[PDB]
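What follows is a set of notes on a single structure, which appears directly below.
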Amino acid sequence: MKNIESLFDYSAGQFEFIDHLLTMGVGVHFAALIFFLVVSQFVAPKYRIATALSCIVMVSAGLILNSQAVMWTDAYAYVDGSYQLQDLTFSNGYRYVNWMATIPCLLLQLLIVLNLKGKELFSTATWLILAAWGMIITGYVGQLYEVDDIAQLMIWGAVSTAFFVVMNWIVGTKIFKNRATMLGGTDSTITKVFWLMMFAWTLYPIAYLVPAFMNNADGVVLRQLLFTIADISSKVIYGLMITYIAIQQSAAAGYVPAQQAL
Ligand SMILES: CCCCCCCC/C=C\CCCCCCCC(=O)OC[C@H](O)CO
Ligand SMILES: *C\C=C(C)/C=C/C=C(C)/C=C/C1=C(C)CCCC1(C)C
Ligand SMILES: CCCCCCCC/C=C\CCCCCCCC(=O)O
Ligand SMILES: CCCCCCCC/C=C\CCCCCCCC(=O)O
Ligand SMILES: [Cl-]
């Protein structure tokens with residue numbers, strides 16, 4: 001009721017496209033899960049947790065996308081030529097709470113493949129997770145006002161973006177201070193991962209602002225389209241690059257199953 005999805009009736013095409021986006025996302029994530037599961041054996045024990053975190057991200061994101069898809073079809077019914085709201089079951093907030101768990105996993109596999117260890121990994125991970133949670137919690141409170149108070153959404157978004165900026169500065173600083181430790185030529189691959197993150201993660205605040213510049217049923221479709229692109233890029237494609245780095249460093253470090261896989 002606090003989100004814009006509940007304000008509109010949807011044509012069969014709008015509704016079915018949203019449903020097909022969420023279901024396609026479920027399919028992509030669970031198919032990648034199998035990939036990450038099977039290739040974890042070609043990863044040296046030092047990096048194997050990284051690929052394991054990808055499996056957790058796939059299932060976590062897949063289950064929430066599957067949840068959203070069923071709530072979507074539970075909330076609406078085709079009545080008099082359009083899908084109209086019938087039950088209070090759909091909300092984007094479930095995406096936000098899920099990020100509390102998936103964003104730490106995404107950040108953690110990055111630090112693992114960067115060769116961080118001991119105190120620094122623990123210290124760096126704690127500040128990154130605290131910043132990320134501050135970003136998500138303020139963003140969560142913000143989207144509660146995307147219908148009733150768009151000014152408050154913009155102010156909470158401003159506070160959330162500050163955490164986002166500080167979070168990226170820590171990530172970027174550690175990447176560029178530690179890329180020289182990376183093996184198998186992955187010191188150049190990790191730089192591409194940082195820019196993939198910058199691009200993919202920034203699509204979320206854009207989707208967050210849709211209610212402010214496209215408050216209509218088409219904006220609801222656009223937001224889900226942006227979520228779908230960001231999810232696939234920040235979770236799947238990102239995970240593939242992390243796994244490639246984990247495997248390439250494993251081989252350069254003398255892990256035979258990795259060398260045999262490459
Ligand atoms: C909400 C209104 C406030 C808006 C605020 C806008 C200011 C953006 C500033 C920084 C963004 C850059 C994010 C971090 C990018 C990487 C940082 C970096 O590269 O520094 C590392 C250095 O190279 C050592 O290795
Ligand atoms: C599924 C993976 C990730 C990394 C999800 C990331 C979400 C964000 C980076 C959200 C950022 C926000 C900002 C920067 C300001 C508006 C509120 C948001 C929470 C959407
Ligand atoms: C190698 C095996 C690859 C893994 C294949 C993954 C299988 C995914 C199967 C279909 C996704 C299920 C989602 C169905 C719920 C849709 C909800 C609805 O809109 O009614
Ligand atoms: C209050 C917020 C606290 C957040 C703390 C986060 C805790 C996680 C810190 C890093 C530990 C990562 C565990 C994986 C270690 C991998 C070692 C290995 O590969 O053998
Ligand atoms: Cl997620």
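Just so it is clear, the values below take in all heavy atoms, side chains as well, and ignore hydrogens, waters and symmetry mates. Here, residue 1 is the first one in the sequence, and each next residue gets the next number. Both ligands and their constituent atoms are indexed starting at 1 by order of listing.
The proximity of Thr138 to ligand 2, defined as any non-hydrogen pair under 4.0 Å, does not occur for either the backbone or the side chain. Residue contacts with ligand 2, taken as heavy atom pairs separated by less than 4.0 Å, do not involve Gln143 at all. Proximity of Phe194 to ligand 1, defined as any heavy-atom pair under 4.0 Å, is confined to the side chain (atoms from C-beta onward).
The closest non-hydrogen atom to atom 12 (C) of ligand 2, taken over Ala207, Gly139, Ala200, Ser160, comes from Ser160. The closest heavy-atom contact to atom 19 (C) of ligand 2, among the options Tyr208, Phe163, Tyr96, comes from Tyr96. For the residues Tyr204, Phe227, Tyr238, the heavy atom positioned nearest atom 5 (C) of ligand 2 is part of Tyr204.
Other residues, nucleotides and ligands contribute at most 12 non-hydrogen atoms within 6.0 Å of the OH atom of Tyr244. Residue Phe176 places its CZ atom among more than 12 non-hydrogen atoms of other residues, nucleotides or ligands, all under 6.0 Å distant.
A donor-acceptor contact shorter than 3.5 Å is absent between the side chain of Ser82 and the backbone of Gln84. Between the side chain of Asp74 and the backbone N or O of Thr89 there is no donor-acceptor pair closer than 3.5 Å. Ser250 contributes no side-chain N or O that, together with a main-chain N or O of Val43, makes up a donor-acceptor pair within less than 3.5 Å. Counting only distance, with no hydrogens or angles, the side chain of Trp133 and the backbone of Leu128 share no donor-acceptor pair below 3.5 Å. Judged by distance alone, with hydrogens and angles left aside, the side-chain atoms of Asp149 form no donor-acceptor pair with the main-chain N or O of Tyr145 at under 3.5 Å. With hydrogens and angles disregarded, a donor-acceptor distance shorter than 3.5 Å links the side chain of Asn115 to the backbone of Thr181.
In summary, the atoms of ligand 2 found under 4.0 Å from a heavy atom of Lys235, numbered by their order in the structure, are 1 (C), 2 (C), 3 (C). Near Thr161, with a cut-off below 4.0 Å to any heavy atom, the atoms of ligand 2 are 15 (C). Heavy-atom contacts of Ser234 reach the following atoms of ligand 2: 1 (C), 2 (C) (cutoff under 4.0 Å). Each of the following atoms of ligand 1 lies closer than 4.0 Å to a heavy atom of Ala158: 1 (C). Heavy-atom contacts of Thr173 reach the following atoms of ligand 1: 21 (C) (cutoff under 4.0 Å). Near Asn168, meaning under 4.0 Å from any of its heavy atoms, are these atoms of ligand 1: 13 (C), 14 (C). If you number the atoms of ligand 1 from 1 as listed, the ones under 4.0 Å from a heavy atom of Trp169 come out as 14 (C).
Proximity of atom 6 (C) of ligand 1 to the protein is not indicated, since no non-hydrogen protein atom lies closer than 4.0 angstrom. In this structure, atom 22 (C) of ligand 1 has its sub-4.0 angstrom surroundings free of protein heavy atoms. For atom 12 (C) of ligand 1, the nearest protein heavy atom is 4.0 Å or more away.
Between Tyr140 and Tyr96, the ring-plane angle classifies as perpendicular under the 30° and 60° cut-offs.
Here the straight-line distance linking atom CE of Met167 with atom CG of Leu107 works out to 5.0 Å at 0.5 Å rounding.
Applying the side-chain hydrogen bond (donor to acceptor under 3.5 Å, both in side chains) test to residues at least two apart or on different chains, the pairs with a partner in residues 197-226 are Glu5-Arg223, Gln14-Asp218, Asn92-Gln224, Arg95-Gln224, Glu146-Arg223, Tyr204-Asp231, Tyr204-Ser234.
Contacts of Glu16 classified as salt bridge (charged side-chain N to carboxylate O under 4.0 Å, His left out), with partners at least two apart in sequence or in another chain: none.
Here the protein heavy atom with the shortest distance to atom 10 (C) of ligand 1 is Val165 CG1, 3.8 Å. Of all protein heavy atoms, the one lying nearest to atom 25 (O) of ligand 1 is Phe176 CB, 3.4 Å. Among protein heavy atoms, atom 4 (C) of ligand 2 sits closest to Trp201 CE2, 3.1 Å.
Using 4.0 Å as the threshold, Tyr140 has no heavy atom nearer than that to any atom of ligand 2.
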